[PDB]
Structure formats: structure tokens, C-alpha cells
Amino acid sequence: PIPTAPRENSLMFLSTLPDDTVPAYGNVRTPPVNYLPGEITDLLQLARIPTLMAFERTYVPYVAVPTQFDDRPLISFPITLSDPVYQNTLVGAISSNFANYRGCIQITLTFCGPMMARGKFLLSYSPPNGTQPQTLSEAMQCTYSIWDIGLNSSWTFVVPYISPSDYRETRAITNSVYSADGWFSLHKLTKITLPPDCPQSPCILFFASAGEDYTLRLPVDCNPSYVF
Amino acid sequence: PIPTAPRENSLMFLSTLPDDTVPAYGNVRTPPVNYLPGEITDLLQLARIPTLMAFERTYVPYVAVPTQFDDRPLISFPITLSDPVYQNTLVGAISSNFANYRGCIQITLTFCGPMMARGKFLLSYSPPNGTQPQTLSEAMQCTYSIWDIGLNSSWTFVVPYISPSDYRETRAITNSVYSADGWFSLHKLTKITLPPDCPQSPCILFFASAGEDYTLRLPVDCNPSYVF
Amino acid sequence: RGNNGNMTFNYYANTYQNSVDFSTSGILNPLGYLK
Amino acid sequence: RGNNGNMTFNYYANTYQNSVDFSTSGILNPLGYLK
Amino acid sequence: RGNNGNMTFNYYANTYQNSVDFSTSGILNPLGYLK
Amino acid sequence: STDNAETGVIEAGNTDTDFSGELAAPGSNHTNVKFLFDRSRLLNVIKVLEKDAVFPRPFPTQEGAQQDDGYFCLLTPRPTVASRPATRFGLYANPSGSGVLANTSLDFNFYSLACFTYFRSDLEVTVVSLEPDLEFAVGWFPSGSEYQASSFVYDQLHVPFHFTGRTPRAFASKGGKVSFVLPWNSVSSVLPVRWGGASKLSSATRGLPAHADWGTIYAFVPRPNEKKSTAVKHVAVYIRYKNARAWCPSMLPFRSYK
Amino acid sequence: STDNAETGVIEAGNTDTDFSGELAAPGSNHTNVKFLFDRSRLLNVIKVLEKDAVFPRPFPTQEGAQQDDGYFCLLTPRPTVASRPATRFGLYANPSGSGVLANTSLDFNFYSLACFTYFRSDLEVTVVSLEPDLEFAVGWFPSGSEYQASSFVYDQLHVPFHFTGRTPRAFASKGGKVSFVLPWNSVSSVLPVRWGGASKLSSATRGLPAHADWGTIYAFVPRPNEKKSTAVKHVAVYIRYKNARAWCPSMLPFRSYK
Amino acid sequence: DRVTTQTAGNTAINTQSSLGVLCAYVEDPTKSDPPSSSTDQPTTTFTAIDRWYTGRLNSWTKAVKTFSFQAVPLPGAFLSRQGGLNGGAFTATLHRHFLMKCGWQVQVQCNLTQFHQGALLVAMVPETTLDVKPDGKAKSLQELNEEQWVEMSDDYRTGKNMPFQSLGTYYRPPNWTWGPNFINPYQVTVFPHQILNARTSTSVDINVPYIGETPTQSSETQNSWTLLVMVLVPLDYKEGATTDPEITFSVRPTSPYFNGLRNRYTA
């Protein structure tokens, strides 16, 4: 016989052991699945699909644009994938099942107003400051991009990955005070000049997709509070 | 010594383990069995042999043909290998010891009447409908085959394998309501025109063999109620 | 290969360990094509 | 080969594990021939 | 190599046993140079 | 970058698309479906058999049925009830009274990452005891078979018929565990995570797949029925999805905002 | 397809023979005789010896015979009675009284698939204890030998003669099992499942093969006769037919319609 | 560039604001092989079922809220005749074949003007029971024509109200909280979708292949796809404009493979 000295972790069931086990009922030829189209190779094929966000108005995927001028962001939400505008996005509901992420969140908009609605919108991205930026003269200095409304009707602002670490946390557990990776903020630059007999308050429909370099790491136990 | 870490299923007696065990009393030269003819290589050499069915008349392998015309199938039984016309066939009593099957049941008939008995018979196979077909105008539309009586005296209707799955269940456990794979039904097409001084009610002797593509899978525990 | 680090040695065969499909007769492609 | 998945290694020999017959001097053929 | 005397055989691979750094793109040298 | 999202296809862009920047490195491959589902998790906590049980009768079960519940673990991520496949998952908020509290199960870790419709994998079942020094065993019967429910008198001991069979009856050691990997046995090509067709076993319940399972396990005690103990002992079923494949992307569950 | 079934040979046809269709694929090879019989099953439940027993005397046994019954497992699929080969299998419907209830055995899983007459295989005997913490052992003696029934006084302890011998006396560990594979030892070339000849050992009983067995095992306790315990402990004999070969197709048992 | 006429058989449909055919999961979803679970010769396509079957769908008022969907079962609409979607030679072939294996190709027309706002989310949703009432019964046309747009409650977001087997009087009836045939309304854009906006298009174009748990499914039971029209932005217009724009849809089965011929389905 071969003299073996078994280790200290003998007879330990480990749930994530990278190995097989004894087959019980083998030699089973399964019916073929060559007919099925669209196999998911990898779940980052699905974070890249833009899904609808939700906004505290009663949760609405679009931002209403009120016609009254005021110098503050029209919608403003932090770039943190535990924020409750990301709970029902495939960017957020896949990444909340993980522990880290790396890459660029891609915020796609869609102006669902009338075709005759001309206007301009100053998207932004502040990095985490001590104070959330509010003035249009304060999102001018951050990472902004002006979006004109015209023939096309979508703009994909790519939130950059500016971080002091190669993998940011995917959940604002403790602390990030309201400031983890900063804030997206859609300012309106010029008021939407509607012709007569057109609806006031058009609606900017927001999406949230992942970048072509958005990558996830470290699975964790999920939140089973969807079933309650 | 070789440091081995034994798994969690150590010292487990498993009844169907695909492996050998320690020999106790080896080096025994058994007497040779080269003289014995007819070795069973495989038990599908025996499902293919047609064996007699049995019919609720008191269980009779043949169908009496009454001379009175009526528009219904003369015998009718479902194509399900737990049906009690298959209990004492090698198609049924081998396959009830298994869990799945695949292929074509082959129903061989034999007209055991007189030689002077001319007649025609419309065999059929309905796939599972909501209602069992009864009219000769309803087995005309299913998979039928007209059998004339002549010099030869046997017809082998091959029940096809029409199924939404590659291996059908071999036992109508739950549910299949009376409709698992449909119904064989021997209709009579023209009445049997006998010459004078010949016996009324000739007898169609039924067999049930397996096809050349009938294949079985997944052994299960048997029914030990043959010994009681 | 999945979550399998035992790169060297498979004791049981392929058809016993896994369950291969019976015959009949990275590069992340998109799940929807605009044509 | 039967219900034997240990394809690689037979520790005990043939005449100890099995029991071979001593000498004297798939393809499913039918069990009955019409001649 | 550290305090590792198992010279012969590594069962688990490199990236499972250790943790290799991901790429981006004896002789005791002194820790301070007078220049 | 100027786009049209009404088209339905949006090319996933980087920072360099709008701005001056560069692509980040590839992080890891922990989103790989064959890697992400290949880890064990608690499925159901079934009571250990002590006699030759009656399998639960099909729905609707009426009162006076002397059947044995809470005993069989229908091995499936989909919602089950009373060891039978269900469509809704229902727990008991206030379980006072009243009848038989039906054993339900759901794979909580699966549906939070089952963003697809069809799923095929092998299954690696580990049955951890929830009792000190329990010497138990683990049965199994495939998707489509049924429980063999009787006994045979072996030397004036009512040994049940679930001690034998052509299916794996793995016997655990005293204080040990039972671990084995089950192939994809069901007659469907894939297990539907979400199903919309009708099974015609009964009055046709929409959305109920009849053969979306790897089978059904049950723990028993290797003693005859005369040695039946008193306190009901439990066991815990951990499953792992070996060699996972998944098709047809779909939705994740609704996280409520309250 | 027009045939004559009085010929006795019918060519097994497909759907394409009568109709328009095609051959289905080959499903599997689970009907292979070397594969289908190669799995363990419960054979007999014998009581564990505690002293040097008297082997059961040959039939007809008369009253006043102080022999020891229910102890020896004649390893055979055929019906046995009182550790001796029988022709009929008989259980006890109403066992009240009256004499000695004879231990009968039958391989229930064999005869439901023994659609043949002759059967040769090796035998893999696993002797599972039906008692907690039982430290037992397993004897054997081949087809044609007899039990060595006496004791020898080893240091004022009546150690029996079934602790030693040229045949395997496998000793189990405490709470363990005994598993070993026995070759085809009997003097017949094959074991007759159905036999019609006469054995001339007695007034010649028709249909009783005298040497259709792999031998006879018996469980004992490795203590001398002074340490004989009180409660009679059982054990359970699981056998597997390694390297099965089967000849001459025959009938399966009659499933009654009631 | 945007004027695409899609001729099929004898029914050619036109669209002068076409965004492009959203071919789903593959390059060409028309290409498909016969089912491997039928040894009989399948009934392939023929020139009376290769056409654009068109029926109406309910109007879209201002009273329709966000996420109020409207579901078309495919092939459930050919059999119940939802919206006047009469199959003709397809339904008269679908009733007589037991298994049916096809891939769909839909197009939803709703022509807004340049002075209206709003956006539909037309999406071929796989494997949902959105057409079935929670009590098990499938919806009839008298029942569809009273709610007009099935609003997104929390019973649909959680899947609380999907059809179920009643446990009986033996088991205590459990408090149902969840079922996998929910809708997450914020994630319907993972499906093969286009947005029917009021300022980019009048018609959307989706092309999906056959998917299913089996290599072919039954004819009278399947709901493998579901043409889901969901309101993401409510319709708004100043008064005087054309109130209640119509919604139609045009469905074409791409390469069906019927199997198991029998008489016409009588439940």
C-alpha cells in the first residue's frame, strides 16, 4: 500500500471547492441543445445591454423636464452601484451579486419628447468632492458633455473609471458618506423651445449600460429579499 | 508515505458503483461454456421476439370477430407500456423493469380463421388526442394501414415513434389521463364473407414485438408482485 | 472548464463524470443584431 | 466490460479478479433461423 | 521559494495556490546610494 | 456619442469614445456562467425517513389522505411545494394552525443571477446532516420515475423497498456526508427557468414545467421499521450546478424600493 | 408489411417498412446483460452466529433435531429454504405457531429480468450489518463443501472451528462492512435459472439443481462461546453479478391482472 | 435608406420610417433545421403560410400610465383570434398538427405625429404567462376589451399572480409571494426590443428564432414568445391633435416545421 499522510482539512465539505466528485448515475446521453440560439457565454454580455433606471418622482424611468428655470441639476444621482436608481438595472442587479467592479458605467439617454423640441443638455460627472456640485458653472469644470436634440435621439455618456484602486467596491456598505465615486447630474443648458401646440414637459428616458471594459469580480451571497 | 486527503463519501457502500472490489478466492478455472449455443448478448434480442398480448374478453390472446356490424374499433388499447395488455409480453415485461424507451412497437397480427375467410381490416394508430377515435372515418385520418386476408396470414403494423421527447416514459405513473401516446385500434373494413359450412367468429391472434430501433434506458427496481 | 482546478488527472471518464450530448445526423458576440 | 468505469488500472491480475475458463483442446444475431 | 520543501510536485496550479499579479502594459544591493 | 437607442442595439463604448482616455484592463472572468453557478448552496431541508413512506399524492390533495410530507427534495431551482413542482413560491407569514404546512423550496442564490430563460447543467448533491452522530443514507429517483413505496419482511423486520434499487442509494458513514454528481436526466433538453407553456397533466396549469428537475432525493435511516426512533431528524441538501450552460437572456427579480 | 408469423421468425421492422419515415437513433446499451446484472441488491437477511452451530440437517428434517436455523445464506438467485436449494419459493401468509419458520430467500430483481435459462457470473458479496456498532465477520464455504461444526478449547475459551480455514473468513471492522468477489466455483458449467432434470441425492426431486450456487456465507461474532450475547443480531447480504453471461432465452413471470 | 418593403408570399408590408430589423440571437433567424424529436416527415413551410398576418391591438390614450403593458401570445393569438389576428391557412394547419416549431418576425405599427410625445417598448418576451388571468383561465376577447392595457401592479412585478395548482384542502394554503414568470418592468430592454418612439419611427421590426425547452413544442399549449407592448412614456398632446392613435401588429412565422398530423383540435 502507498503510505499517505492526510492533511488537517480532511473530510471537510467546502462549498466552493474547485474539483469534481464521484459520479453516481453516469453514461447518460442528454438530448442535444444545438437547436437553441442565443447562449449566454458570460454574464457581461448582459450588463452591456442598457436597461431602464428608476427615479424618485412612484418610480419612473424618465426625467420630466419642467419649463421653469432653476440653477441646479435636473436629476442627480451618485455613481454607486448600491444606489436605488440601479436596483432594477442589469448593471446594478448583476453587480450587487458580486463584490467588486472595474470599468465604465455607460448612461444612455433618450429624448422621448416631440420631434419639434429643440434643446441642449449638459450631462456631467463629478468625481467625489466634499460637496455635491449644483451650479451649471460647477458641472462645467467636471467631466461634462453637451447633448443637443436633433435628428438623432440618444446620447451615451460614458461615466469614466477614476479610482485610486483597480477594483471599486460595488456596494456602499461603510461608509462613503453620500460620496463614493461622485455624481452624475443632467443639467439643462438652454430651455426646450417648443413650437405652439406641443406638450410641455418632455421626458428624457434614462438607460444604464456597462462599458466595453466593465468587468466584475468576487461573487458573494445574494440578497434574498426579492422573494419577500 | 503518499499524503492523500480522502473525500467526503468515504466508506460508502453504493450498490451501483462502476468498479470492482477485492478478490477473495481467486485463481479458479471455471469449466468452459463454449458448448452452449444461443447466448443472449443483449436483452433487446428478446424484445424483438413477438409475444402474445392479452385482451379483456378471462384473458385471451386473440380478438374474436363478431359478425354484427357496428361503427367502433373492434379492439382498442393505448400505446403505453404499463397498459395491462402488455404485462405478459416481452415488450412490456422487460420495459416495465426500466424507466424510458425509444423506438417503434411492432404489433404483429395473425388471422387464425379458416383459409376460405376473405376480409379486410383497417389497423390504425392515433396520436394522443383529447378524445379516443371511434369512427372508421376517424381512423382513416390517423396512421392507418388496410390489411387484406389472403394467402399470407400476418400483418406487422409498426406503431411509429411520434413524441415530443427523445425517450418516452415506460409507465403511466402520473398522469397521462388514458392518453399517453395514443391508441391502437383494429377496425374491420369489410365484413368477413365466409362460404357456407364455415365457423362464424374467426380469431385474429395478436402479437407485440419491438422494432429494429427500439431501445431502452435507465434500469429501476422491479415489481416483486409476481411472487405473491 | 468552469470552476475546476484539477488540471492534471481525471480518474473517471468523460461519459461517466459529465453527460455528453448524443449526435443527431473571450469572443462575446452580441445577443441581437440590427439588420 | 460490463458496469466497469475503471478504464485505467487493474491492480489484481486477470485470473484473480475474474475467473477465466480453462481451454479444452452491437451485432445482434437472431436466436432462431428459418432454414 | 520561501519555506517550501515540497520540491517535486505542485498539485494545484500557480494561479490557485499563489496569487499572481496582473500585467499593466544573494545579490544584496544597497537601499541608499550616495550620488 | 450620438446614438439612437430606439434601434435596440447600442454599441458599448469606452471613455475614449467621447473623451480622451483609454481602455481599462480585463478584470477577471467571474461572470462566466460555467464558473459562476459552479458552487454549492442550500436547497431544501428535508426530514429523514424512518419507515416506508407514502409519496405525496398529486394536487389537489384532500383531507384524510394519510401521506408522508416534508420528506422528498425535488432537486430544482424553480419553486416547489410538497415535493412537487410549483409555479409560485410561498412561505408562511403566520403559520398558526391549520392543516399541513407544506414544505416549499427555492434556490435564492440562483434566481438573483438567473438572468436567462433556459438552463442546463449537471447537479452535484451534497447532503449534510443537521443532527449530531446521525447515520443516514440518501436515495434518488430520476425525473420521471416514482417512489417505490412498500416493505418486505426480512427475518421478521419490515425492511422497506427504498433500501434497494437500480438508482443510487448512497449510505453515509456515522457523522459523515453524502456527495455525488447526477447527470442531466430529464426528458426536456433544458430546464426552463421561466416557462409559459401549459402542461396537460391536469387542468392545464400555465407556466408549470412538468419535467424541469434533476430528480428527487430522500434521506432515510438504515434500520428496519421496528427500530423507528421518536424524534424527527432533519438533513440539509446542498447542490452545485456542474458544467452550467444558459440560453436566452431574461429578467432579474424586482428589488422593491421600500 | 405482409408476413407469416406461423414461420416463427419475424423480421423486426421500422416505420419506413410500411410508411414514410426513418430509423431512430440508438438510445443506449442498458439492456446489455453484462451491464444490467452488474448491480447490487438484497438477497437474504441472516442472523449472526454466536456459537459453533450445527448446520441444518437434510430434508426431511424431523422434530427433536437440535439444529441451528436462519444462519446460513446459500448465495443463489433461485428459491431457497432453510439454507438449502429449493424448487418453490414460499413465504408465510399467517405465520402463527407452529414449528420452525424456515428462512426463505429469492432474488426479486433477478427473476423479473431473468428471461433466460442458464446464467453464469461471478458474485460480489457485500454483507451490510443491520445493527448499530456491530463488530462481526463473514465466513464462506464453496459449492460442494460443508460447514466445519465444532470448537477447540483455546485457553479455556470454546473458540469455534469457523474462525479458521482455507476459505475466506473476512473480519469486519467495528461498524464497517465486508465486500469481496467470489468466482464461479460450482461444478456445473452454468447456473440453471430453470431446470428440468432430476437430482438423485434423494428420492429424485424434479427441477432441483443440486450445485446451482456460489457457496454459502454466514455471519459470526469474533468472540468465544463464553462471551455469547443475548439479543440475536441480524446482518444483510447484498450480492452483485460481476461479468454476467446468459444463454437460452426463456419466459418472464406471470403478472396477474387482478 | 428607411423605405423598406418586406414582401412575403402575397402580403407585402411597407414602412417609411424603418429603424431596421432587429434580428435576435443570431445573424439569420430564418435558418432552422427540422426537429430531432419526430421520426415522421415534418410539414415545412408553403406559400400560404409564408405571409404577414395582421390584426389590431388596443388604442393608446392619455390615461395609460407608465409600464401598462399589452401582451400578444404567439402562437396564442392565431388560435384565440386576439385583435382579429386570423391565421387563415396557418391556423387551419396549426390545429391539425400536434407539434409546431417556428420562429416569428413581428412589426408593430403606431403612427404618431411630430407634435405627440410618447414611447412604446415593443419586445418579443420569451416564456411568459402575461395573457393568463391569475385564476388559471386564459383571457378571452371580452376580457381584453375592458381593461385595454394591463397595468403594472406589484403582482406582476413580483410574479405573485401567475397561475398555479391549488394545493387542496389537505395542505394549509401558503402565503404566495413570488413566481418566476414576473415582469421586471425596468429590464424589458434585455429582450429583443425596439422602442416605438413618437419622433424616430412609426413601426418597429423584431425577428426572433425558435426557442423552447424541447426541440419542438406542442401546438395548443405553447407560449414561447409574447409580443409585449409596454408604455415607457405616456402619450401627451395638446388639444386638437389626433386623439387615441391606433396600434396594429403584423406577425409572420419564419420557417415552421409542423409535426404529428391529426384531426382538428377539439378540447
# chains A, B, ... in the order shown; residues from 1 in each chain; ligands from 1
>>> residues_around(residues="residue B:163", least_positions_apart="4", cutoff="12 Å", atoms="only C-alpha atoms", output="number ranges by chain")
B: 79, 101-104, 127-128, 159, 167-169, 180-182; F: 187-188; G: 24; H: 35-40, 98-99, 214-218, 259-260
>>> select_by_dssp(residues="stretch 2-235 of chain G", states="strand (DSSP E)", output="MDAnalysis selection string")
chainID G and resid 2:3 41:47 72:74 80:81 84:85 104:105 116:120 123:129 137:138 151:153 158:160 170:171 178:182 191:192 198:199 205:206 216:220 234:235
>>> interface_residues(of="chain A", to="chain B", cutoff="9 Å", atoms="only C-alpha atoms", output="PyMOL selection string")
chain A and resi 2-13+21-25+28+31
>>> residues_around(residues="residue A:62", least_positions_apart="3", cutoff="8 Å", atoms="only C-alpha atoms", output="list in words")
residues 53, 54, 55, 203, 204, 205 and 206 of chain A; 233 of chain H
>>> write_last_selection(atoms="N, CA, C and O atoms", output="short mmCIF file (atom, residue, chain, number, x, y, z; two decimals), in the first residue's frame")
data_model
loop_
_atom_site.label_atom_id
_atom_site.label_comp_id
_atom_site.auth_asym_id
_atom_site.auth_seq_id
_atom_site.Cartn_x
_atom_site.Cartn_y
_atom_site.Cartn_z
N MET A 53 -33.52 52.83 -15.75
CA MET A 53 -33.28 53.23 -14.37
C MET A 53 -34.62 53.57 -13.72
O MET A 53 -35.68 53.36 -14.30
N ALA A 54 -34.59 54.12 -12.51
CA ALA A 54 -35.83 54.47 -11.83
C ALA A 54 -35.58 55.65 -10.92
O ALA A 54 -34.60 55.67 -10.18
N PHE A 55 -36.50 56.61 -10.94
CA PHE A 55 -36.25 57.90 -10.32
C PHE A 55 -37.36 58.26 -9.35
O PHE A 55 -38.54 58.16 -9.69
N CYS A 203 -39.88 64.25 -21.83
CA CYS A 203 -39.39 63.23 -20.92
C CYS A 203 -38.11 62.64 -21.47
O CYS A 203 -38.10 62.08 -22.57
N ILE A 204 -37.03 62.73 -20.70
CA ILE A 204 -35.74 62.16 -21.07
C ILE A 204 -35.67 60.77 -20.47
O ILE A 204 -35.58 60.63 -19.25
N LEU A 205 -35.69 59.75 -21.30
CA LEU A 205 -35.72 58.38 -20.81
C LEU A 205 -34.29 57.91 -20.55
O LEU A 205 -33.45 57.97 -21.45
N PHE A 206 -33.99 57.47 -19.33
CA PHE A 206 -32.62 57.11 -18.98
C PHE A 206 -32.43 55.61 -19.05
O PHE A 206 -33.30 54.84 -18.65
N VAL H 233 -43.15 55.97 -21.77
CA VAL H 233 -43.50 57.37 -21.59
C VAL H 233 -44.96 57.51 -21.98
O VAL H 233 -45.35 57.03 -23.05
#
>>> select_by_dssp(residues="stretch 2-129 of chain F", states="helix (DSSP H, G or I)", output="PyMOL selection string")
chain F and resi 5-7+15-18+33-36+108-111
>>> calpha_fit_and_write(fixed="chain E", moving="chain D", output="compact mmCIF listing (two decimals) with N, CA and C atoms, in the first residue's frame")
# COMPACT_ATOMS: atom_id res chain seq x y z
N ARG D 1 11.09 31.13 -3.14
CA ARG D 1 10.54 29.82 -2.84
C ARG D 1 10.10 29.75 -1.38
N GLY D 2 10.78 30.51 -0.51
CA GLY D 2 10.35 30.62 0.87
C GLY D 2 10.66 29.38 1.69
N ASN D 3 9.75 29.10 2.63
CA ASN D 3 9.86 27.93 3.50
C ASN D 3 9.04 26.80 2.90
N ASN D 4 9.48 26.35 1.73
CA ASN D 4 8.76 25.35 0.94
C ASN D 4 9.76 24.27 0.56
N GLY D 5 9.62 23.10 1.17
CA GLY D 5 10.47 21.98 0.86
C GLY D 5 9.88 20.99 -0.11
N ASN D 6 8.64 21.19 -0.55
CA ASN D 6 8.00 20.26 -1.48
C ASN D 6 8.50 20.59 -2.88
N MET D 7 9.68 20.07 -3.20
CA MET D 7 10.38 20.44 -4.42
C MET D 7 9.79 19.79 -5.67
N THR D 8 9.02 18.72 -5.51
CA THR D 8 8.75 17.81 -6.61
C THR D 8 7.45 18.11 -7.35
N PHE D 9 6.37 18.36 -6.61
CA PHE D 9 5.03 18.21 -7.15
C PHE D 9 4.13 19.28 -6.58
N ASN D 10 3.55 20.09 -7.45
CA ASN D 10 2.53 21.07 -7.08
C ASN D 10 1.21 20.59 -7.65
N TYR D 11 0.29 20.21 -6.77
CA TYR D 11 -0.99 19.67 -7.22
C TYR D 11 -1.86 20.76 -7.84
N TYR D 12 -2.18 21.78 -7.06
CA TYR D 12 -2.91 22.92 -7.58
C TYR D 12 -1.99 23.77 -8.45
N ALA D 13 -2.59 24.58 -9.31
CA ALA D 13 -1.83 25.33 -10.30
C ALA D 13 -1.19 26.56 -9.65
N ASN D 14 -0.62 27.44 -10.48
CA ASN D 14 0.02 28.64 -9.94
C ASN D 14 -1.01 29.66 -9.50
N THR D 15 -2.02 29.92 -10.33
CA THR D 15 -2.97 30.98 -10.04
C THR D 15 -3.96 30.61 -8.95
N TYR D 16 -4.06 29.33 -8.59
CA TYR D 16 -4.90 28.90 -7.48
C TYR D 16 -4.14 28.89 -6.17
N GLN D 17 -2.93 28.34 -6.18
CA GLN D 17 -2.12 28.27 -4.96
C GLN D 17 -1.65 29.66 -4.55
N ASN D 18 -0.89 30.31 -5.42
CA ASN D 18 -0.42 31.66 -5.19
C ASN D 18 -1.46 32.65 -5.70
N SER D 19 -1.06 33.91 -5.84
CA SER D 19 -1.92 34.93 -6.42
C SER D 19 -1.01 35.83 -7.25
N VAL D 20 -0.98 35.60 -8.56
CA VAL D 20 -0.06 36.30 -9.43
C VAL D 20 -0.59 37.70 -9.73
N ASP D 21 0.34 38.63 -9.95
CA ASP D 21 -0.03 40.00 -10.26
C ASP D 21 -0.44 40.09 -11.72
N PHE D 22 -1.39 40.96 -12.03
CA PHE D 22 -1.78 41.13 -13.42
C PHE D 22 -0.93 42.20 -14.08
N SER D 23 -0.57 41.96 -15.34
CA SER D 23 0.31 42.87 -16.06
C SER D 23 -0.42 44.15 -16.44
N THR D 24 0.36 45.20 -16.71
CA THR D 24 -0.19 46.52 -16.97
C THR D 24 -0.11 46.90 -18.45
N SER D 25 1.08 46.87 -19.04
CA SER D 25 1.23 47.30 -20.42
C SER D 25 0.80 46.20 -21.39
N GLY D 26 22.16 36.49 -1.36
CA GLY D 26 22.32 36.62 -2.80
C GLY D 26 23.00 37.91 -3.22
N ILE D 27 22.36 38.62 -4.14
CA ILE D 27 22.85 39.92 -4.61
C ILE D 27 22.11 40.97 -3.80
N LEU D 28 22.75 41.47 -2.75
CA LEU D 28 22.12 42.39 -1.81
C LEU D 28 22.54 43.81 -2.18
N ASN D 29 21.76 44.43 -3.06
CA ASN D 29 22.03 45.81 -3.43
C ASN D 29 21.65 46.76 -2.29
N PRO D 30 22.38 47.86 -2.13
CA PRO D 30 22.11 48.76 -1.00
C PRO D 30 20.81 49.53 -1.19
N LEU D 31 20.22 49.89 -0.06
CA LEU D 31 18.94 50.59 -0.02
C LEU D 31 19.10 52.10 -0.08
N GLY D 32 20.31 52.59 -0.33
CA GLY D 32 20.55 54.02 -0.42
C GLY D 32 21.88 54.29 -1.08
N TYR D 33 21.89 55.16 -2.08
CA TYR D 33 23.06 55.37 -2.92
C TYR D 33 23.54 56.80 -2.76
N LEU D 34 24.83 56.97 -2.49
CA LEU D 34 25.41 58.31 -2.47
C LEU D 34 25.74 58.71 -3.90
N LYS D 35 25.05 59.72 -4.41
CA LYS D 35 25.32 60.19 -5.76
C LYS D 35 25.52 61.69 -5.81
>>> residues_around(residues="residue H:55", least_positions_apart="4", cutoff="7 Å", atoms="only C-alpha atoms", output="compact mmCIF listing (two decimals) with N, CA, C and O atoms, in the first residue's frame")
# COMPACT_ATOMS: atom_id res chain seq x y z
N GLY H 83 -57.46 40.40 -31.29
CA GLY H 83 -57.29 41.56 -32.14
C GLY H 83 -57.68 41.35 -33.58
O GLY H 83 -57.29 42.14 -34.44
N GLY H 84 -58.44 40.30 -33.88
CA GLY H 84 -58.75 39.99 -35.25
C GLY H 84 -57.62 39.33 -36.01
O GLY H 84 -57.68 39.26 -37.23
N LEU H 85 -56.61 38.85 -35.31
CA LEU H 85 -55.43 38.25 -35.93
C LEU H 85 -55.81 36.84 -36.34
O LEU H 85 -55.60 35.88 -35.61
N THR H 248 -51.45 48.57 -34.40
CA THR H 248 -51.62 47.27 -35.04
C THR H 248 -50.36 46.46 -34.83
O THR H 248 -49.41 46.91 -34.19
N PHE H 249 -50.35 45.25 -35.38
CA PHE H 249 -49.15 44.43 -35.37
C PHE H 249 -49.26 43.44 -36.52
O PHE H 249 -50.36 43.03 -36.88
N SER H 250 -48.12 43.07 -37.09
CA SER H 250 -48.08 42.17 -38.23
C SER H 250 -47.09 41.06 -37.94
O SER H 250 -45.90 41.32 -37.78
